[PDB]
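Enquirer: Sharing a structure here in structure tokens format.
What follows draws every value from the coordinates through simple rules; no lab data is involved. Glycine also receives a Cβ, built like all others from the backbone with ideal geometry; neighbour counts cover every protein chain displayed.
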Amino acid sequence: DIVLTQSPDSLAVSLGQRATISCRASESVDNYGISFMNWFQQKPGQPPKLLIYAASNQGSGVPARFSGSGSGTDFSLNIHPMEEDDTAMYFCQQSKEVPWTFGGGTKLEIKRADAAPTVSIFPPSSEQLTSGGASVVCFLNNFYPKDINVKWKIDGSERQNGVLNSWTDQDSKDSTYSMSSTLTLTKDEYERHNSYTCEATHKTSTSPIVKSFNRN
Amino acid sequence: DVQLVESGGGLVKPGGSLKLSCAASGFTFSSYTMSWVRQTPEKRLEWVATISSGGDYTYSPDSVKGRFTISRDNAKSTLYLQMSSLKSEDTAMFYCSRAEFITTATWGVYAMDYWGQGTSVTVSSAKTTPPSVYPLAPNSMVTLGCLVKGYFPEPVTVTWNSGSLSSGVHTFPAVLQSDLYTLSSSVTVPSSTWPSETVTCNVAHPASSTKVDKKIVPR
Ligand SMILES: [Mg+2]
């Protein structure tokens with residue numbers, strides 16, 4: 001198989017700056033001038049769109065800010081200047097040999113100024129406690145960049161088992177991220193401890209943001 | 001315009017069978033090579049199968065050979081993918097696409113230029129289960145939320161005040177644990193509007209015929 005390796009896996013580019021995506025093939029995908037390298041753009045909830053065909057030819061309705069280049073085993077996709085609706089997944093693809101293959105994909109996002117999270121904590125609802133369960137929820141909303149660290153503490157001791165995290169996609173309006181952290185316990189273990197704490201460490205500060213509540 | 005409309009996806013048990021269809025319109029279907037391409041839950045694209053215009057020649061990778069069969073009914077302008085011996089890893093969004101000859105500088109190439117909206121295929125042994133909906137109650141703004149726990153399969157839909165609250169809403173992607181999904185949704189409203197006025201989380205889970213309205217009350 002002709003294996004396509006894209007670089008990087010994800011990329012954050014400021015509006016007006018250059019986005020460059022690389023694709024390397026384990027074998028040549030060109031035959032006598034003709035290039036069998038294609039690029040596809042895909043946005044969430046939408047099918048892939050043919051963006052570049054034959055290495056350097058513009059797809060239908062593709063603006064001049066997109067350009068493809070390369071030959072043989074090394075190809076590149078350039079977007080400049082970056083605009084807000086260019087955020088998408090980008091894939092290289094070859095049709096020279098069966099099986100047809102795709103690159104692993106590159107997630108292009110918008111780079112904006114760093115922003116600290118807005119953190120909220122919520123105790124288990126009375127309805128869930130009646131069912132026998134106990135979930136504690138922590139929202140970390142509207143921060144940038146995406147990676148963030150959440151530490152749960154029960155009576156001051158860190159709790160890692162039973163924690164599930166989920167990041168939203170980048171917001172199409174302010175380019176921030178949000179994340180939920182959910183700690184699920186049994187009702188018995190929940191009622192055996194007093195203080196519950198979600199601690200958020202984000203590169204905006206070395207001091208963590210701490211939200212807490214007593215089960216009281 | 002060229003149009004491709006997929007159908008036939010759904011929830012299937014492992015080892016089961018499922019046939020996808022793709023209805024073409026707006027072009028001479030019998031003149032074109034057609035293909036199926038899938039997108040995994042990890043959002044990666046993978047080629048599935050390709051068939052010549054007359055149906056005489058089919059192509060597929062080793063991962064689907066012997067299990068998936070591509071075919072076409074040119075009289076009905078329809079492309080098919082018959083799947084059998086389905087596995088959990090086959091779960092993906094399946095797209096039909098047309099291969100068209102597009103001119104280049106010196107000659108031309110065949111590229112997949114038109115795609116359908118896709119049809120979702122989920123292979124799982126998990127039982128269909130309605131969600132439990134729990135309220136999440138706590139300056140100028142206040143953040144409320146909704147915990148949607150223990151449902152299968154995807155998707156659920158969450159709105160706030162029947163859609164009257166659209167901005168300041170974060171609905172987080174569901175996470176699978178023990179063959180059950182869980183998600184949360186947060187909403188930020190002016191403190192002057194809650195709890196003086198009602199805020200309600202509306203959850204719909206069509207697979208279990210579920211519509212739930214959970215009012216957020218203090219404490
Ligand atoms: Mg980013």
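Enquirer: So which residues in segment B:39-62 are facing another protein chain (nearest Cβ under 9 Å), assigned to a loop (DSSP other than H, G, I, E, B) and crowded, with 16+ Cβ neighbours inside 10 Å?
Expert: Result: B:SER60, B:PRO61.
Enquirer: A:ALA113 is checked against (1) assigned to a loop (DSSP other than H, G, I, E, B); (2) facing chain B (nearest Cβ under 9 Å); (3) among the small types (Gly, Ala, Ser) and fails just one. What number does that condition carry?
Expert: Only one criterion in (1) assigned to a loop (DSSP other than H, G, I, E, B); (2) facing chain B (nearest Cβ under 9 Å); (3) among the small types (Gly, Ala, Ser) is unmet by A:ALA113, namely (2).
Enquirer: Can you tell me which of (1) within 13 Å of chain B (Cβ to nearest Cβ); (2) closer than 29 Å to B:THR106 by Cβ; (3) in contact with an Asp or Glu (Cβ under 9 Å, 6 or more places away or on another chain) is the one A:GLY105 doesn't meet?
Expert: (2)
Enquirer: Any residue at all in segment B:123-138 that is surrounded by 22 or more Cβ atoms within 10 Å (Cβ to Cβ) and of a type in the set (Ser, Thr, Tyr)?
Expert: Yes, there is a match, as at least one residue in segment B:123-138 is surrounded by 22 or more Cβ atoms within 10 Å (Cβ to Cβ) and of a type in the set (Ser, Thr, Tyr).
Enquirer: All but one of (1) more than 23 Å from A:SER205 (Cβ to Cβ); (2) within 14 Å of another protein chain (Cβ to nearest Cβ); (3) part of a loop (DSSP other than H, G, I, E, B) hold for A:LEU129; state the number of the condition that does not hold.
Expert: That leaves (3) as the condition not met.
Enquirer: In segment B:1-23, what residues are buried (at least 17 other Cβ atoms within 10 Å of the Cβ), part of a strand (DSSP E or B) and not aliphatic (A, V, I, L, M)? Break it down stepwise before answering.
Expert: From segment B:1-23, those buried (at least 17 other Cβ atoms within 10 Å of the Cβ) are B:4, B:6, B:9, B:11-12, B:18, B:20-22; that's our starting set.
With part of a strand (DSSP E or B) added as a condition, the list becomes B:4, B:6, B:11-12, B:18, B:20-22.
Passing the criteria: B:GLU6, B:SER21, B:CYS22.
Enquirer: A further question follows. Of the residues A:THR168, A:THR87, only one is out of contact with any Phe, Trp or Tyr (no Cβ under 8 Å at 6 or more places or on another chain), of a type in the set (S, T, N, Q) and within 15 Å of the ligand (Cβ to nearest atom); which? Step through it out loud before you land on a result.
Expert: Working: A:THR168 fails: out of contact with any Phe, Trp or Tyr (no Cβ under 8 Å at 6 or more places or on another chain).
Going through A:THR168, A:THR87 in turn, the sole match is A:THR87.
Enquirer: What do you reckon, is A:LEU77 crowded, with 22+ Cβ neighbours inside 10 Å and within 11 Å of chain B (Cβ to nearest Cβ)?
Expert: Working: crowded, with 22+ Cβ neighbours inside 10 Å: yes; within 11 Å of chain B (Cβ to nearest Cβ): no.
It is false that A:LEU77 is crowded, with 22+ Cβ neighbours inside 10 Å and within 11 Å of chain B (Cβ to nearest Cβ).
Table: residues versus (1) more than 16 Å from the ligand (Cβ to nearest atom); (2) closer than 30 Å to A:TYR190 by Cβ.
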| site | (1), (2) |
| --- | --- |
| A:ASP30 | yes, no |
| A:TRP39 | yes, no |
| A:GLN42 | yes, no |
| A:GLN58 | yes, no |
| A:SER71 | yes, no |
| A:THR101 | yes, no |
| A:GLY105 | no, no |
| A:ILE121 | yes, yes |
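Enquirer: Turning to a different aspect of this structure: Being outside any loop (DSSP other than H, G, I, E, B), more than 14 Å from chain A (Cβ to nearest Cβ) and within 16 Å of B:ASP113 (Cα to Cα) is the filter here, so list the residues in segment B:24-38 that pass it. Give the steps one after another, and end with the answer.
Expert: Quick first cut of segment B:24-38, residues outside any loop (DSSP other than H, G, I, E, B) only: B:24-25, B:29-31, B:33-38.
Remaining after also requiring more than 14 Å from chain A (Cβ to nearest Cβ): B:24-25, B:29-31.
Once the filter is applied, which keeps residues that are outside any loop (DSSP other than H, G, I, E, B), more than 14 Å from chain A (Cβ to nearest Cβ) and within 16 Å of B:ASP113 (Cα to Cα), segment B:24-38 yields B:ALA24, B:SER25, B:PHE29, B:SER31.
Enquirer: Moving on to the next point. Can you tell which of A:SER205, A:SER175 is of a type in the set (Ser, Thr, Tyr), more than 12 Å from every other protein chain (Cβ to nearest Cβ) and within 16 Å of the ligand (Cβ to nearest atom)? Let's see the steps before the verdict.
Expert: Details: A:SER205 fails: within 16 Å of the ligand (Cβ to nearest atom).
Within the list A:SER205, A:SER175, the selection yields A:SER175.
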